[PDB]
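Encoded as structure tokens, the following chain is the form deposited in one PDB entry, with no partner shown.
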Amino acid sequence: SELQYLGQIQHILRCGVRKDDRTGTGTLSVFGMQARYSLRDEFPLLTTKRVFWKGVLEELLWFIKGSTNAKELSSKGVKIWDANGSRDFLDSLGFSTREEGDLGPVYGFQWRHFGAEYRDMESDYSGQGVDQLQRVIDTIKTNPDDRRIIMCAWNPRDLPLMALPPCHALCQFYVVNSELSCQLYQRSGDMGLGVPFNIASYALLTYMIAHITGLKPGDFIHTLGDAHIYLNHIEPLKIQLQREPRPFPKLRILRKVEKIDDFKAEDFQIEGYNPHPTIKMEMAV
């Protein structure tokens, strides 16, 4: 339920410790958290504040396509990766010869081409690397009892080439009683911005795979490493914490899709989403 996220917010504000970070703003940090969100007949889209649903959907399709180019996501009206792909950010990391928008071997590259040699965002990687996403789907179809259905985005070899190392670094799938469940290990959680995106993102991915594999969505287990609240998010989150949460919406898939690459943005519809007003929170770059 949504009260778990609000309970995590309240715990960090009350029991978190001051901690510096890569950005300039400090954080209130707590290490080690877990929450369980039901995917059964509902979709975990937060109601205590309006969540950018098109950003969640377009970013996930952008992941599935294997793209590491922020221009392709920004052309869909979703600018969440424009900052980490800007010219100044890439220059601050030493990527002086890299084209703007090239985030490096990140989520999209590691999901579909783990092990391939990364050249640039415009290179052809077809046939190179491990296709973790498809092997996950095939293992679910052929062996639901397998305890190794894992898609890992943390590539220690490719870390120096990434503009931002993967925050949701590893996820595992689990099948029992015709239910598909998903657990995600998030090494770093921006509780105000990224965490609501990531919870809705991997719930959507579980809905996609369950739709293809003929399973029913079960639980989404959100495991956090450094769950932190930025200082410039303390007052906005204190406002969100005073809002009464409303029932979760529902996710309807409008057509029968066979391959995860065939999913289009027009195939999904969120029903019954009545959130509180949107709360603007700045990104720490």
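Think of the rigid core as the biggest set of C-alphas that the two forms share within 1.5 Å after superposition. All residue numbers refer to positions in the sequence shown, first residue = 1.
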| property | result |
| --- | --- |
| At least a third of the other entries leave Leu93 unmodelled | yes |
| Test item: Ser201 lacks coordinates in at least a third of other entries | no |
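Same protein, other form: the form deposited in another entry, not shown, and the subject of what follows.
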| property | result |
| --- | --- |
| Residue showing a 2 Å-or-more C-alpha displacement between the shown form and the other one once the rigid core is overlaid, selected from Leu184, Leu205, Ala163, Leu215 | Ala163 |
| Rigid core superposed: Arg148 CA moves 2 Å or more between the shown form and the other one | no |
| Core fit, then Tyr118 C-alpha moves 2 Å or more between the shown form and the other one | yes |
| Is_shifted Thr23 between the shown form and the other one (CA, 2 Å cut-off, rigid core) | yes |
| Sense of the change in Cα distance from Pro166 to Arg40 in the other entry - at least 3 Å versus the shown form | farther |
| Shift in CA distance, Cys167 and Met151, in the other entry relative to the form shown here, given it is 3 Å or more | closer |
